[PDB]
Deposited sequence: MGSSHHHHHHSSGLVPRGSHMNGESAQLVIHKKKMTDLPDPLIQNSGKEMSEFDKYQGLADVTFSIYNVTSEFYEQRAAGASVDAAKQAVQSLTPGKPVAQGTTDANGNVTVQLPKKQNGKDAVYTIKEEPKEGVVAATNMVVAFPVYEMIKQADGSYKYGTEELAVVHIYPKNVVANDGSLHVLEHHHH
């Protein structure tokens, strides 16, 4: 019913140790907005999936469905319904302004989320099992 979104704020859907090189920023607040209706409104208007997400990326409708502040390692987890108003849910993640911090661009997470798995000499392809935990690294 719900998924966990682990947000890692770094000064630069799986955990990525490649970003260990960068320092985590503590005390950065992210606000997460439901843009599910808006996303399907875009689709019905004829926008492709990626265009619909890019359109709703700038939207933050109503009150956040979740909000979290990064810990010492620059990380926070929020929990989000996989469905909203009965459909596969779509969220906009917004970094709240903080003096001295360059804010990441809004990110969009659309459920369900599948992981890209390397295949036996088959390059990368997607999984059948939806992720219940998703990691994101907001950037500019």
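According to the record, C-alpha coordinates are lacking for deposited residues 1 to 23, 36 to 46, 175 to 190.
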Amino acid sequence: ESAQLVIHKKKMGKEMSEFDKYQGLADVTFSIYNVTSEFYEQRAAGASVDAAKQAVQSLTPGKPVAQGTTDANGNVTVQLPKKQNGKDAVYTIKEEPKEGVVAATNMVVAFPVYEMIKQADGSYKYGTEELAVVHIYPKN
From here on, numbers count along this sequence of modelled residues.
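Mean C-alpha B-factor is higher over 37 to 45 than over the other stretch, the pair under comparison being 89 to 97 and 37 to 45. For the pair 120 to 128 and 19 to 27, the record assigns the higher mean C-alpha temperature factor to 120 to 128. Ranked within its chain, residue 4 lands in the lowest third, by CA B factor from the PDB record. Ranked within its chain, residue 73 lands in the highest third, by CA B factor from the PDB record. Looking at the C-alpha B-factors along this chain, the one for residue 51 belongs to the highest third.
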